[PDB]
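Let me begin by presenting the structure, written as structure tokens, before commenting on it.
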Amino acid sequence: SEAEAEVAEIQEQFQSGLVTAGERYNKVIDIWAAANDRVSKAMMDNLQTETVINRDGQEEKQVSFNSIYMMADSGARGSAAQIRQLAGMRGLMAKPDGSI
Amino acid sequence: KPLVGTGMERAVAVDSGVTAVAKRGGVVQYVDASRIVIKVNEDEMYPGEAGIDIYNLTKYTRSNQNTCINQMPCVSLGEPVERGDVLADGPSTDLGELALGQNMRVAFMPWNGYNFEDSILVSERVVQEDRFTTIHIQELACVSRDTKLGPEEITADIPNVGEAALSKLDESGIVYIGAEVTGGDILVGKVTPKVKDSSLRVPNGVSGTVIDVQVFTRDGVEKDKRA
Amino acid sequence: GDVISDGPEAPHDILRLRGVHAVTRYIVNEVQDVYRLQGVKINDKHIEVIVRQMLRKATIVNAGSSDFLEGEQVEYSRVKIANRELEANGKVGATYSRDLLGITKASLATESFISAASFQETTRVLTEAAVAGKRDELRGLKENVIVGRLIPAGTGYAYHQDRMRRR
Amino acid sequence: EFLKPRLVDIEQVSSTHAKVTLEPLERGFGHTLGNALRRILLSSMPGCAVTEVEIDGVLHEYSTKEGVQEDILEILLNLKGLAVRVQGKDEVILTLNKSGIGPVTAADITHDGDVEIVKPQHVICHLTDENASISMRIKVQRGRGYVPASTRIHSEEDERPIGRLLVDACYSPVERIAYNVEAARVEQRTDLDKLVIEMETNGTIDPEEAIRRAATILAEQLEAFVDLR
Amino acid sequence: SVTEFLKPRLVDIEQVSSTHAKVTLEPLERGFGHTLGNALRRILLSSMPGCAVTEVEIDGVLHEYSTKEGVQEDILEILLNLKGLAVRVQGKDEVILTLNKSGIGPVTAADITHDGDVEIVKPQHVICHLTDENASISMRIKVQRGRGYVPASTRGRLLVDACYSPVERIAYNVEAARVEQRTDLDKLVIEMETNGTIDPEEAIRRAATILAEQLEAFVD
Amino acid sequence: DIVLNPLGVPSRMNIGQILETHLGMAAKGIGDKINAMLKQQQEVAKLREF
Amino acid sequence: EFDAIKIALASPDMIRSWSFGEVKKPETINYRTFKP
Amino acid sequence: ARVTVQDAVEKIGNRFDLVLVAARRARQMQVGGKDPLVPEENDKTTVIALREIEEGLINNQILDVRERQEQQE
Amino acid sequence: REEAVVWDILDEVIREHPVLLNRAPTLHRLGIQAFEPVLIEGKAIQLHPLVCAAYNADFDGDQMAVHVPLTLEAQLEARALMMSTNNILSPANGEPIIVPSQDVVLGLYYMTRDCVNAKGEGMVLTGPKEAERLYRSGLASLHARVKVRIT
Amino acid sequence: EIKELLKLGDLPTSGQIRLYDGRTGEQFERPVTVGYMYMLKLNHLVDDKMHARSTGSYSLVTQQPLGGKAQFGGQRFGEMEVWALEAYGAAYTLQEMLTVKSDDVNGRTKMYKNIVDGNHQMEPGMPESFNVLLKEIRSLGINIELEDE
Amino acid sequence: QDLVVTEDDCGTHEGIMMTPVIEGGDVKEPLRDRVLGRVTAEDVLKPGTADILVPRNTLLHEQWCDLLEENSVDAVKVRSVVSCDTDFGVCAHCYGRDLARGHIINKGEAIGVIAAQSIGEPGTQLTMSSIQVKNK
RNA sequence: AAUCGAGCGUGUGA
Ligand SMILES: [Mg+2]
Ligand SMILES: [Zn+2]
């Protein structure tokens with residue numbers, strides 16, 4: 001939603017004629033890449049943590065036991081980007097040409 | 001049927017032409033595993049006809065890819081059928097639904113490395129229930145021609161062979177419908193002079209049962225008592 | 001060995017001016033950069049082997065008293081053999097300039113028409129081989145796989161050495 | 001030192017579903033015995049199943065019977081799942097004859113004193129013509145496991161081509177086995193438990209006989225280890 | 001048919017060492033290898049008779065964590081060493097033993113006096129090593145009879161986890177077995193190691209007859 | 001009936017394989033409950049409601 | 001029993017030395033019999 | 001050290017020499033008819049040859065000496 | 001006719017007779033490797049899970065050619081050079097090729113993880129055998145932080 | 001909606017159920033995803049694809065056993081396979097798979113006699129495909145031949 | 001295809017001095033990796049030009065380059081196959097150690113085929129204003 | 001000895 005708000009604001013600026021086509025295209029790609037990175041950051045960390053009640057009754061956070069996290073962090077099968085695609089967001093995609 | 005489907009199985013099933021469909025709405029007059037006779041209703045009759053729709057069904061007919069095309073009726077006596085309703089399901093069809101495979105109980109877990117790298121572990125119950133057993137029909141042709149020494153004869157006179165191979169033969173050398181034949185067994189008997197056996201045989205490594213025998217004879221040929 | 005105008009740089013002028021080791025380092029480093037950008041790890045030794053195979057020829061600039069003509073392109077091994085012969089005679093060796101041939105060209109420019117023909121351009125290689133009356137000694141791997149004899153490598157190397165020593 | 005298990009309850013909620021209680025068992029022996037018995041049951045319970053069929057006027061299963069709603073292949077598949085209990089013999093030949101409109105069910109096989117049909121409502125096929133007469137000979141053997149028709153062959157390997165409608169035999173009478181180990185309110189000890197075996201079968205086998213046969217098999221197998229040379 | 005069964009033709013044991021033996025039988029029925037292996041493993045792991053160390057007394061302990069000097073190894077290490085001691089009790093169910101040896105030097109297990117009912121399996125099991133002239137240790141050890149394993153998480157001064165079962169190392173593996181025609185059979189190989197209280201194969205035999213006795217209510 | 005590797009799901013990214021499996025379980029459960037009602041010879045009204 | 005490969009051009013005398021007979025007719029085989 | 005040779009490398013020296021000795025020993029056991037002393041526990045002949053090589057009692061120089069002695073008589 | 005003599009002879013022949021398995025395309029040297037074959041009742045070849053990286057082979061329907069070295073010298077050089085046991089490193093960079101993946105890596109990762117409040121926490125053990133007993137008997141969990149004497 | 005359908009059937013909404021090993025009976029530590037999936041049998045059967053030959057049929061222009069499954073053919077031990085055998089240094093294996101496994105008129109008969117006599121012999125041989133090459137170069141207008149030594 | 005290791009030791013003294021590729025702040029490979037298995041053409045000297053670390057005739061192994069790292073060696077010259085003074089092949093020491101055996105390369109190993117395969121195979125994995133110091 | 005064979009197009013897997 002924050003990414004949508006910022007792209008709407010940059011579209012409003014473009015409607016006001018502040019930036020150009022190529023510069024706006026690059027800036028929007030950059031901010032969407034930043035949103036992708038933030039989503040991956042808020043995903044992988046939420047996927048590697050647990051709240052475990054210890055012998056004292058207090059919480060000792062540890063590495064998560066999630067099966068897909070085991071697959072990724074273990075390196076058995078899968079990478080960080082694949083987990084981002086199936087659990088976060090797919091991200092930017094390419095046109096038939098090189099352009100994103 | 002697929003327990004989980006998309007709803008497009010009906011369109012594929014009825015638009016492929018492999019299922020016997022009801023041309024005119026009526027009432028079933030007779031259902032057999034090979035024939036369906038429909039007494040057409042009077043609301044959709046046209047003057048000058050009896051009002052009977054007859055649907056013969058393809059039964060174990062070989063397809064292009066050596067599969068089985070078979071039609072099973074999906075209606076019983078007295079059932080009122082309407083225009084466009086499925087009367088017999090073709091292969092991979094269940095009550096007008098496209099049925100490519102079988103619904104199976106699966107568990108997503110490694111099992112002593114027997115599903116390593118997309119491998120599949122299968123319960124013995126699947127084999128027992130014959131869930132994925134398939135029928136494969138092949139066609140073998142025997143053509144009688146004229147040789148440079150003389151014409152070739154269809155007969156049971158094959159020399160230097162055992163008595164067991166001569167037990168399944170008849171007066172002409174063609175073994176009967178439904179016989180269990182394996183690779184190396186003679187289907188259509190024929191010998192060439194030199195004599196040498198020029199008969200058709202089952203390909204080695206293939207063992208099946210004969211379901212159809214078709215004979216094409218050009219004019220002027222003496223057909224034997226088997227023929 | 002110093003660049004006058006900036007821009008993309010050719011390998012052949014690098015060889016003719018900067019030297020041999022300079023072009024070998026250039027090729028090895030650039031190939032390994034391409035491989036590592038994809039996260040692939042290969043040794044530099046293999047690229048050095050191929051670069052050596054790319055540098056088996058020499059151009060006779062001034063033959064002098066040597067048996068070589070002027071302007072020809074001859075195998076560098078023959079040039080070293082002639083230099084050894086002249087050193088045994090005590091005479092100075094003929095000067096030579098190395099050439100950086102392409103991979104296809106170096107394969108085609110081999111001293112064996114059998115391998116060049118079995119690789120590409122069979123009609124050409126055969127035409128020059130027949131015009132020149134070429135002779136192909138059985139010494140490469142292809143020349144022995146095609147005739148069905150043991151390759152000069154691995155467990156077959158000893159057999160080839162025995163053949164050389166017996167004749 | 002060990003409290004031996006004993007049959008304390010055999011509850012027959014239905015003809016194909018029975019709960020058998022074993023009590024008492026010490027800690028650990030419950031799961032051990034439950035797994036051993038479940039595997040021996042699922043693996044080596046003998047039974048009777050349809051093996052060969054010979055319908056008159058039929059040469060092979062890849063054909064149609066006159067005035068019959070289902071294919072001969074479908075008929076053989078329906079006869080595969082026929083629950084028959086045979087007493088005293090390991091090889092019986094039933095005959096089924098029928099004619100006229102109606103569903104030919106399992107209640108129409110010619111009655112014999114040595115054969116019992118557990119489910120008479122089992123629909124074998126249907127007839128759709130009044131003159132359509134169906135007559136079949138069904139050979140039932142007593143076996144164990146699953147013997148596919150492709151593997152088993154005739155003794156002399158030469159049998160009637162017109163007959164020999166071979167049906168795959170699923171000799172196993174049991175279809176589902178669960179077992180639970182539960183705490184028993186024993187007034188003598190507190191470490192004792194009870195083993196509840198919940199069995200779902202085809203109705204052709206007595207649960208007590210099946211469990212005793214499994215125990216006999218297990219003991220005979222362990223006898224090789226006990227009697228070691 | 002449904003009554004007769006094939007007889008094992010090849011029953012072989014390879015004696016790698018005294019307590020290490022490889023026992024296997026050819027052939028077993030399909031699924032029988034895993035059933036027998038799991039049953040035997042469970043009964044060996046938790047239903048075998050033996051004796052072990054359960055309680056020990058160290059005087060002067062009234063707080064949570066206390067320390068005693070003059071001993072080379074920590075009290076935790078000493079009790080852990082005492083945990084693995086192989087003890088046989090033939091007459092009674094509970095006997096209290098004492099260790100009596102001092103002096104600076106090696107400390108074996110054969111210096112404790114022989115008992116009529118208690119016999120030590122190995123005389124070379126070190127317990128500790130004394131190093132001081134004024135350091136001498138002599139504690140009491142409670143030996144209880146039992147079967148299996150009991151952690152001391154819940155329920156003299158110190159409580160030691162008891163390894164009642166004489167089983168040191170039990171593992172079973174099922175391989176594909178082959179005959180003239182059948183190739184889907186099972187072959188069960190058992191790898192057995194013991195602490196010396198009972199022979200390796202003898203423990204398996206004892207548990208096999210224990211399990212075969214559990215099913216005497218169904219003998220025909 | 002079939003044992004599948006969960007490792008082929010994340011790398012190959014075919015996750016419809018999991019949702020379809022859950023839906024198959026739900027459908028077969030509803031079918032088995034209808035089967036339980038039919039074995040009991042329950043009244044037609046019960047089947048109608050369910 | 002050989003150590004190399006010699007390639008060159010062929011004399012018309014060499015080509016005639018290779019052959020065993022001169023080919024005249026352009027027909028391959030008769031179709032009434034199987035005789036070439 | 002039978003399928004993959006590590007221990008017999010320090011017992012036969014050059015592995016090409018090992019290949020040559022293995023070929024000669026196989027052809028000898030196939031044609032020379034020498035009676036071995038190792039009992040046959042359903043083992044391949046090449047396996048027994050590798051065992052005798054890793055024993056280290058037979059090498060190339062001794063084989064050459066025996067060949068010369070045999071060609072003398 | 002598949003007699004008992006045939007089975008005995010096949011048993012004789014298969015043992016210690018290397019067989020070269022080969023998946024196309026043969027991209028590098030390891031695309032063909034020798035194996036010791038074992039008789040399977042089925043009609044498909046069983047492939048070792050570790051050599052799947054050398055062949056770039058996954059069991060999603062890949063086919064694999066099978067070649068039989070015939071003479072003694074080819075058998076020797078299959079045993080000495082071609083065997084997958086004697087080819088552990090990659091000629092491209094010297095790195096190992098038999099590095100496990102998928103199931104093995106996940107299993108080892110699971111069996112070495114740590115849990116803060118696992119069953120059996122805090123116990124002091126006499127060695128690996130006691131850990132084996134405590135796991136198999138269901139007394140101590142696999143992720144429990146303990147103290148063990150290691151040799 | 002799938003969770004609700006699981007609830008109506010009295011099933012765990014997580015789609016995972018405590019599953020038990022059939023070999024030991026021990027419950028798996030974590031819940032296992034169990035469900036129903038639509039499996040398809042493909043027209044790729046080992047009854048078809050499995051094929052293996054020994055001393056079958058040969059072509060006529062070359063003596064290489066050509067063909068495939070339908071024609072009882074051999075396996076194309078192509079160029080990259082020869083490269084792989086070269087990189088191993090396995091020279092005798094190349095000699096087998098170029099002269100013995102194909103392209104051999106007389107050496108493929110006494111080798112078979114040796115095999116049925118329990119011998120491995122007659123590896124050297126001259127490929128007849130190379131003879132075909134020589135004949136189609138000579139008949140093209142070029143003199144190519146072998147030397148005496 | 002025709003290139004084979006045909007000799008043992010040519011005794012050449014020319015070779016390539018090698019530095020680690022640096023693009024910015026990072027180092028692509030350590031000196032160890034690119035010298036691992038190589039053969040030096042000279043005596044490697046400890047900084048201060050006083051002591052000889054390793055002789056020129058030894059096979060630079062993991063231990064030797066670990067010692068070099070301990071001594072913080074800067075640049076090494078090794079016998080490459082390009083500067084090999086052998087006719088009709090390459091000697092063993094100009095090609096360094098066999099990356100699949102661990103010992104010295106035997107005579108008669110076709111490294112050209114090995115090189116070609118080792119380069120081609122990864123091909124299937126292939127696609128298709130100011131400078132600042134960031135370290136102390 | 002009986003024993004036997006190719007090209008082109010097309011669609012498929014790896
Ligand atoms: Mg692929
Ligand atoms: Zn050199």
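How things are named: the first chain in the structure tokens is A, the next is B, and so on; residues count from 1 in each chain; ligands count from 1 in the order shown.
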Within 12 Å of chain G, which residues of chain J show up when using only C-alpha atoms, listed as a PDB file with N, CA and C atoms, in the first residue's frame?
ATOM      1  N   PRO J 124      41.618 -54.896 -31.757  1.00  0.00           N
ATOM      2  CA  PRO J 124      41.960 -54.140 -32.963  1.00  0.00           C
ATOM      3  C   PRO J 124      41.108 -54.555 -34.152  1.00  0.00           C
ATOM      4  N   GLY J 125      40.847 -53.578 -35.014  1.00  0.00           N
ATOM      5  CA  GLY J 125      40.037 -53.794 -36.193  1.00  0.00           C
ATOM      6  C   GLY J 125      39.910 -52.537 -37.026  1.00  0.00           C
ATOM      7  N   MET J 126      39.596 -52.693 -38.306  1.00  0.00           N
ATOM      8  CA  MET J 126      39.493 -51.541 -39.189  1.00  0.00           C
ATOM      9  C   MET J 126      38.031 -51.200 -39.452  1.00  0.00           C
ATOM     10  N   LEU J 134      36.739 -43.789 -47.637  1.00  0.00           N
ATOM     11  CA  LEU J 134      37.815 -43.831 -48.623  1.00  0.00           C
ATOM     12  C   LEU J 134      37.266 -44.081 -50.020  1.00  0.00           C
ATOM     13  N   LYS J 135      36.290 -44.983 -50.134  1.00  0.00           N
ATOM     14  CA  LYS J 135      35.735 -45.299 -51.443  1.00  0.00           C
ATOM     15  C   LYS J 135      34.925 -44.140 -52.006  1.00  0.00           C
ATOM     16  N   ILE J 137      35.592 -41.011 -51.349  1.00  0.00           N
ATOM     17  CA  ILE J 137      36.529 -39.959 -51.737  1.00  0.00           C
ATOM     18  C   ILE J 137      37.230 -40.324 -53.041  1.00  0.00           C
ATOM     19  N   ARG J 138      37.660 -41.581 -53.187  1.00  0.00           N
ATOM     20  CA  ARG J 138      38.283 -42.018 -54.434  1.00  0.00           C
ATOM     21  C   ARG J 138      37.334 -41.883 -55.617  1.00  0.00           C
ATOM     22  N   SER J 139      36.075 -42.288 -55.423  1.00  0.00           N
ATOM     23  CA  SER J 139      35.067 -42.217 -56.516  1.00  0.00           C
ATOM     24  C   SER J 139      34.650 -40.766 -56.775  1.00  0.00           C
ATOM     25  N   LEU J 140      35.152 -39.832 -55.960  1.00  0.00           N
ATOM     26  CA  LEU J 140      34.799 -38.393 -56.094  1.00  0.00           C
ATOM     27  C   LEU J 140      35.843 -37.705 -56.977  1.00  0.00           C
ATOM     28  N   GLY J 141      37.028 -38.304 -57.121  1.00  0.00           N
ATOM     29  CA  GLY J 141      38.082 -37.666 -57.879  1.00  0.00           C
ATOM     30  C   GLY J 141      39.341 -37.302 -57.117  1.00  0.00           C
ATOM     31  N   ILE J 142      39.648 -37.999 -56.028  1.00  0.00           N
ATOM     32  CA  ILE J 142      40.815 -37.707 -55.200  1.00  0.00           C
ATOM     33  C   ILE J 142      41.476 -39.026 -54.827  1.00  0.00           C
ATOM     34  N   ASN J 143      42.802 -39.071 -54.905  1.00  0.00           N
ATOM     35  CA  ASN J 143      43.541 -40.273 -54.541  1.00  0.00           C
ATOM     36  C   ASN J 143      43.945 -40.206 -53.075  1.00  0.00           C
ATOM     37  N   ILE J 144      43.353 -41.072 -52.258  1.00  0.00           N
ATOM     38  CA  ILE J 144      43.670 -41.177 -50.839  1.00  0.00           C
ATOM     39  C   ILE J 144      43.895 -42.646 -50.514  1.00  0.00           C
ATOM     40  N   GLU J 145      45.007 -42.947 -49.846  1.00  0.00           N
ATOM     41  CA  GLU J 145      45.371 -44.333 -49.593  1.00  0.00           C
ATOM     42  C   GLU J 145      46.224 -44.433 -48.339  1.00  0.00           C
ATOM     43  N   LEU J 146      46.555 -45.667 -47.975  1.00  0.00           N
ATOM     44  CA  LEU J 146      47.378 -45.962 -46.814  1.00  0.00           C
ATOM     45  C   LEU J 146      48.811 -46.274 -47.240  1.00  0.00           C
ATOM     46  N   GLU J 147      49.716 -46.239 -46.267  1.00  0.00           N
ATOM     47  CA  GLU J 147      51.125 -46.491 -46.517  1.00  0.00           C
ATOM     48  C   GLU J 147      51.493 -47.923 -46.140  1.00  0.00           C
ATOM     49  N   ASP J 148      52.654 -48.365 -46.628  1.00  0.00           N
ATOM     50  CA  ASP J 148      53.084 -49.743 -46.416  1.00  0.00           C
ATOM     51  C   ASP J 148      53.363 -50.019 -44.943  1.00  0.00           C
ATOM     52  N   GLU J 149      53.970 -49.061 -44.250  1.00  0.00           N
ATOM     53  CA  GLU J 149      54.336 -49.244 -42.851  1.00  0.00           C
ATOM     54  C   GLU J 149      53.420 -48.437 -41.937  1.00  0.00           C
TER      55      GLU J 149
END
Practice task
Would you mind listing what lies within 12 Å of segment 14-18 of chain A as number ranges by chain, with only C-alpha atoms (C1' of nucleotides) counted and same-chain residues fewer than 6 positions away left out?
Solution key: A: 7-8, 24-25, 27-28
Give one line per residue of chain I that approaches ligand 1 to at most 12 Å, naming the two atoms of the closest pair and their distance in Å to one decimal, counting only C-alpha atoms and all ligand atoms; sort by chain then ascending residue number and deliver it as JSON lines.
{"residue": "I:23", "atom": "CA", "partner": "ligand 1", "partner_atom_place_in_ligand_line": "1 (Mg)", "distance": 11.2}
{"residue": "I:24", "atom": "CA", "partner": "ligand 1", "partner_atom_place_in_ligand_line": "1 (Mg)", "distance": 10.5}
{"residue": "I:25", "atom": "CA", "partner": "ligand 1", "partner_atom_place_in_ligand_line": "1 (Mg)", "distance": 10.4}
{"residue": "I:55", "atom": "CA", "partner": "ligand 1", "partner_atom_place_in_ligand_line": "1 (Mg)", "distance": 11.0}
{"residue": "I:56", "atom": "CA", "partner": "ligand 1", "partner_atom_place_in_ligand_line": "1 (Mg)", "distance": 8.2}
{"residue": "I:57", "atom": "CA", "partner": "ligand 1", "partner_atom_place_in_ligand_line": "1 (Mg)", "distance": 7.8}
{"residue": "I:58", "atom": "CA", "partner": "ligand 1", "partner_atom_place_in_ligand_line": "1 (Mg)", "distance": 7.9}
{"residue": "I:59", "atom": "CA", "partner": "ligand 1", "partner_atom_place_in_ligand_line": "1 (Mg)", "distance": 10.0}
{"residue": "I:60", "atom": "CA", "partner": "ligand 1", "partner_atom_place_in_ligand_line": "1 (Mg)", "distance": 8.5}
{"residue": "I:61", "atom": "CA", "partner": "ligand 1", "partner_atom_place_in_ligand_line": "1 (Mg)", "distance": 9.2}
{"residue": "I:62", "atom": "CA", "partner": "ligand 1", "partner_atom_place_in_ligand_line": "1 (Mg)", "distance": 7.8}
{"residue": "I:63", "atom": "CA", "partner": "ligand 1", "partner_atom_place_in_ligand_line": "1 (Mg)", "distance": 10.8}
Practice task
Could the residues of chain B within 10 Å of chain F, counting only C-alpha atoms, be given as a ChimeraX atom specification, please?
Solution key: /B:2-5,103-111,113-127
Practice task
For residue 74 of chain J, list every protein, DNA or RNA residue within 9 Å, evaluated using only C-alpha atoms (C1' of nucleotides), and leave out those in the same chain fewer than 4 positions away; present the list as a ChimeraX atom specification.
Solution key: /J:51-54,56,64-69
Could you turn the residues from that selection into a file that holds C-alpha atoms, as an mmCIF file, in the first residue's frame?
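Output below, filename again23.cif:
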data_model
loop_
_atom_site.group_PDB
_atom_site.id
_atom_site.type_symbol
_atom_site.label_atom_id
_atom_site.label_comp_id
_atom_site.auth_asym_id
_atom_site.auth_seq_id
_atom_site.Cartn_x
_atom_site.Cartn_y
_atom_site.Cartn_z
ATOM 1 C CA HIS J 51 15.130 -51.670 -24.628
ATOM 2 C CA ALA J 52 18.502 -53.402 -24.793
ATOM 3 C CA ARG J 53 20.237 -55.407 -27.522
ATOM 4 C CA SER J 54 23.165 -57.766 -28.049
ATOM 5 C CA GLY J 56 21.194 -57.803 -33.477
ATOM 6 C CA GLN J 64 26.930 -50.090 -37.708
ATOM 7 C CA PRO J 65 23.832 -51.566 -36.033
ATOM 8 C CA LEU J 66 21.296 -48.865 -36.756
ATOM 9 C CA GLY J 67 17.699 -48.479 -35.715
ATOM 10 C CA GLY J 68 15.905 -47.963 -32.462
ATOM 11 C CA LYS J 69 13.237 -49.543 -30.314
#
Practice task
Write down as a ChimeraX atom specification the residues of chain K whose backbone DSSP state falls under strand (DSSP E or B).
Solution key: /K:5-7,16-18,22,27,39-40,44-45,52-54,59,76-78,90-91,109
Selected residues written out with N, CA and C atoms, as a JSON list (two decimals), in the first residue's frame:
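Contents of the output file result_4.json:
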[["chain", "number", "residue", "atom", "x", "y", "z"],
["K", 5, "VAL", "N", 49.50, -34.12, -22.17],
["K", 5, "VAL", "CA", 50.67, -33.99, -21.31],
["K", 5, "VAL", "C", 51.65, -35.10, -21.68],
["K", 6, "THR", "N", 52.74, -34.72, -22.34],
["K", 6, "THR", "CA", 53.65, -35.69, -22.94],
["K", 6, "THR", "C", 55.01, -35.79, -22.26],
["K", 7, "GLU", "N", 55.40, -34.81, -21.45],
["K", 7, "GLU", "CA", 56.71, -34.83, -20.81],
["K", 7, "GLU", "C", 56.52, -34.60, -19.31],
["K", 16, "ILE", "N", 53.83, -16.55, -15.46],
["K", 16, "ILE", "CA", 52.87, -15.47, -15.28],
["K", 16, "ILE", "C", 52.83, -15.06, -13.82],
["K", 17, "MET", "N", 53.04, -13.77, -13.57],
["K", 17, "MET", "CA", 52.75, -13.19, -12.27],
["K", 17, "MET", "C", 51.27, -12.83, -12.21],
["K", 18, "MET", "N", 50.64, -13.18, -11.09],
["K", 18, "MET", "CA", 49.19, -13.13, -10.97],
["K", 18, "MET", "C", 48.80, -12.33, -9.74],
["K", 22, "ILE", "N", 40.37, -7.34, -8.54],
["K", 22, "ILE", "CA", 39.67, -6.46, -7.61],
["K", 22, "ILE", "C", 38.87, -5.46, -8.43],
["K", 27, "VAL", "N", 37.47, -8.62, -3.14],
["K", 27, "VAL", "CA", 38.48, -9.43, -3.80],
["K", 27, "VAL", "C", 37.80, -10.69, -4.32],
["K", 39, "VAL", "N", 52.71, -24.82, -10.03],
["K", 39, "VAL", "CA", 54.13, -25.10, -9.86],
["K", 39, "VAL", "C", 54.90, -23.80, -10.09],
["K", 40, "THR", "N", 55.70, -23.41, -9.10],
["K", 40, "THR", "CA", 56.46, -22.18, -9.17],
["K", 40, "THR", "C", 57.71, -22.36, -10.03],
["K", 44, "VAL", "N", 60.08, -18.77, -3.73],
["K", 44, "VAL", "CA", 59.18, -17.80, -3.10],
["K", 44, "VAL", "C", 59.88, -17.26, -1.86],
["K", 45, "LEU", "N", 59.95, -15.93, -1.75],
["K", 45, "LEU", "CA", 60.71, -15.28, -0.70],
["K", 45, "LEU", "C", 59.80, -14.60, 0.31],
["K", 52, "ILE", "N", 64.12, -17.90, 1.96],
["K", 52, "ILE", "CA", 63.45, -18.64, 0.90],
["K", 52, "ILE", "C", 62.35, -19.47, 1.54],
["K", 53, "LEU", "N", 61.09, -19.15, 1.21],
["K", 53, "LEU", "CA", 59.97, -19.88, 1.81],
["K", 53, "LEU", "C", 59.87, -21.29, 1.25],
["K", 54, "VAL", "N", 59.66, -21.41, -0.06],
["K", 54, "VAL", "CA", 59.52, -22.72, -0.69],
["K", 54, "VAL", "C", 60.45, -22.80, -1.90],
["K", 59, "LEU", "N", 55.68, -29.15, -5.53],
["K", 59, "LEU", "CA", 54.29, -29.01, -5.96],
["K", 59, "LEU", "C", 53.53, -28.20, -4.92],
["K", 76, "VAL", "N", 53.12, -14.32, -6.92],
["K", 76, "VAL", "CA", 53.87, -15.52, -7.24],
["K", 76, "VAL", "C", 53.93, -15.66, -8.76],
["K", 77, "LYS", "N", 55.03, -16.23, -9.26],
["K", 77, "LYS", "CA", 55.16, -16.59, -10.66],
["K", 77, "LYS", "C", 55.17, -18.12, -10.76],
["K", 78, "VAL", "N", 54.30, -18.66, -11.60],
["K", 78, "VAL", "CA", 54.11, -20.09, -11.71],
["K", 78, "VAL", "C", 54.33, -20.52, -13.16],
["K", 90, "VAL", "N", 52.71, -30.74, -23.61],
["K", 90, "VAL", "CA", 53.00, -29.92, -22.43],
["K", 90, "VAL", "C", 53.59, -30.85, -21.38],
["K", 91, "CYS", "N", 54.60, -30.38, -20.65],
["K", 91, "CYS", "CA", 55.15, -31.18, -19.57],
["K", 91, "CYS", "C", 54.21, -31.12, -18.36],
["K", 109, "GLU", "N", 47.99, -37.64, -20.31],
["K", 109, "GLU", "CA", 46.65, -37.25, -19.93],
["K", 109, "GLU", "C", 46.17, -36.11, -20.82]]
Exercise for the section: For ligand 2, collect every residue having any atom at a distance of at most 12 Å from a ligand atom (counting only C-alpha atoms (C1' of nucleotides) and all ligand atoms); output as a PyMOL selection string. Expected result: (chain C and resi 49+52) or (chain K and resi 5-15+39-41+78-96)
Problem - DSSP-assigned alpha helix (DSSP H) members of segment 65-175 of chain B, reported as a PyMOL selection string - result: chain B and resi 124-129+163-167
Handout entry: Surrounding residues of residue 117 of chain J excluding itself and chain neighbours under 6 positions, 12 Å, only C-alpha atoms (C1' of nucleotides), as a PyMOL selection string
Key = (chain H and resi 30-31) or (chain J and resi 110-111)
Saved selection, atoms kept: N, CA and C atoms, as a tab-separated table (two decimals), in the first residue's frame:
chain	number	residue	atom	x	y	z
H	30	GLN	N	44.05	-67.05	-17.14
H	30	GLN	CA	43.13	-67.58	-18.14
H	30	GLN	C	43.79	-68.65	-19.02
H	31	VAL	N	45.08	-68.53	-19.30
H	31	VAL	CA	45.75	-69.43	-20.22
H	31	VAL	C	46.90	-70.21	-19.59
J	110	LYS	N	35.08	-63.70	-34.39
J	110	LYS	CA	35.98	-64.42	-33.50
J	110	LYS	C	36.00	-63.84	-32.09
J	111	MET	N	35.62	-62.57	-31.91
J	111	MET	CA	35.42	-62.06	-30.56
J	111	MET	C	34.24	-62.76	-29.89
